[PDB]
Structures are given as structure tokens and as C-alpha cells.
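# Commentary on secondary and tertiary structure
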Amino acid sequence: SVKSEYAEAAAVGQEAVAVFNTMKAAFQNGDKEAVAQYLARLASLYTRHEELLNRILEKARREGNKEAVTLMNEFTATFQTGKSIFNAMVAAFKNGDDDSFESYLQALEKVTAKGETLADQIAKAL
Ligand SMILES: O=C(O)C(c1ccccc1)c1ccccc1
């Protein structure tokens, strides 16, 4: 169902949270080789997460679950914010710009954390 497909999406999001927090520890410890690998894994996860969300949104659309569609439109907009901050974070790492990387990392945490409450309402709605 759409509901189980969103449970799967949610788990992938939780994976990225876990990897993000390991990455943050690695950054604080100055282990750049690890961070690079974690950043690559994060991009794969976010790309997967978005694809699962899009298919779930289109399926709630075809099913006429208007309340779910509204919430998912809002969530996928906030997803793009996350994606833009993430991509800038990656670019700062490549550039060797630790102040920006810190800033984008702090800001991405808050986007994600704030996005968690909408995530939970989508669960109940589907
Ligand atoms: O996929 C997620 O778990 C997040 C995310 C993080 C970084 C880049 C893109 C998306 C997220 C955060 C807030 C709202 C929706 C999605």
C-alpha cells in the first residue's frame, strides 16, 4: 500500500540521519577521508528517499487522498531546501571551506529536524 511504501521511505530517511550523525562526529574529529565517504553515502540515500517520496505523492494523487497530497507537497518543498543546503555542504567540503561546511551542516540539521513533524503527520494521513 502507499502506507507501507511510506514506512519504507521513512526508514531510508532514518538511515540518512544515522549516517549524517556518524559523519558529523567524523568531521569534528577531523577525519576527512571518512567524511568524504559518508557524504557520498548520504547523497545516494537522499536520492533514493526523494524517489520514494515522489512515487508515494503521485500515488496519493491518483488515489485522491487530498489531505495526504497537500502534506506531501509541503514536505517535498522542504525536501528541496534540504537538498540545496546539502549540496552546498558537499561543495564546501570539496573547496576545503570548513566555516561554510560547519554552517551548512548546522543549518541542514535544523531543516531535517523541523521536517520531522511533517514526516510524522504524513504517516498518520496515508
Ligand atoms: O531526506 C531527508 O531525510 C531530508 C533531506 C536532507 C538533505 C537533503 C535532502 C533531503 C529532509 C529534510 C527535511 C524535510 C524533508 C526531507
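Per the PDB entry, the chain goes by the name De novo designed ABLE protein and belongs to synthetic construct. Per the header of the deposited record, the title is "PanDDA analysis group deposition -- Crystal structure of ABLE in complex with ZINC000000034687".

## Looking at helix α2 (residues 32–63)
The terminal C-alpha atoms of α2 lie 46 Å apart, and with 32 residues this matches the ideal 46 Å at 1.5 Å per residue to within 8%. Within the span of α2, buried status applies to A34, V35, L39, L42, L45, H49, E50, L52, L53, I56, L57 and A60. Where α2 is buried, its residues meet α1 (2–28), α3 (66–95) and α4 (98–125). Immediately beyond the C-terminal end of α2, within one or two residues, lies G64, with a positive phi of roughly 70°.

## Brief notes about the nonpolar core
In this structure, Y6, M23 and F101 are the most contacted members of the largest nonpolar core, which totals 39 residues. Those elements giving two or more residues to this core turn out to be α1, α2, α3 and α4. Counting residues per element, this core draws most heavily on α3, at 11 residues. The contact partners of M23, leaving out residues within four places of it in the chain, are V35, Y38, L39, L42, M89, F101 and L105.

## Remarks on the side chain of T76
Looking at the element boundaries, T76 is found in helix α3. For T76, a relative accessible area of 15% corresponds to the buried category. One polar contact links the side chain of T76 to the main-chain carbonyl oxygen of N73, over a distance of 3.3 Å. With near-sequence residues (within four places) excluded, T76 lies in contact with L53, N54 and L57.

## A few points about the site of the ligand
Around the ligand, the structure places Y46, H49, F75, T78, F79, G82, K83, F86, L108, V111 and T112. Between the ligand and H49 there is a distance of 2.7 Å, counted from an oxygen atom to a side-chain nitrogen or oxygen. Of all the elements in the fold, those that place two or more residues in the shell around the ligand are α2, α3 and α4. Here the element with the most residues in the shell around the ligand is α3; it accounts for six residues. Tallied by class, residues from the shell around the ligand come to six nonpolar, four polar and one charged.

About the thresholds
- Residues numbered from 1 in each chain as written, not as in the entry; some residues may be left out.
- Heavy atoms only, no water.
- Helix = DSSP H or I, 4+ residues; strand = E, 2+ residues; numbered from the N terminus.
- Expected span 1.5 Å × (residues − 1).
- Buried < 20%, exposed > 50% of the residue type's maximum accessible area, 1.4 Å probe, protein only.
- Contact = heavy atoms within 4.5 Å.
- Core = buried A, V, L, I, M, F, W, Y, C linked by side-chain atoms within 4.5 Å.
- Polar contact = N/O pair within 3.5 Å; in protein donor to acceptor, adjacent residues only side chain to side chain.
- Near = heavy atom within 4 Å.
- Nonpolar A, V, L, I, M, F, W, Y, C, P; charged D, E, K, R; others polar.

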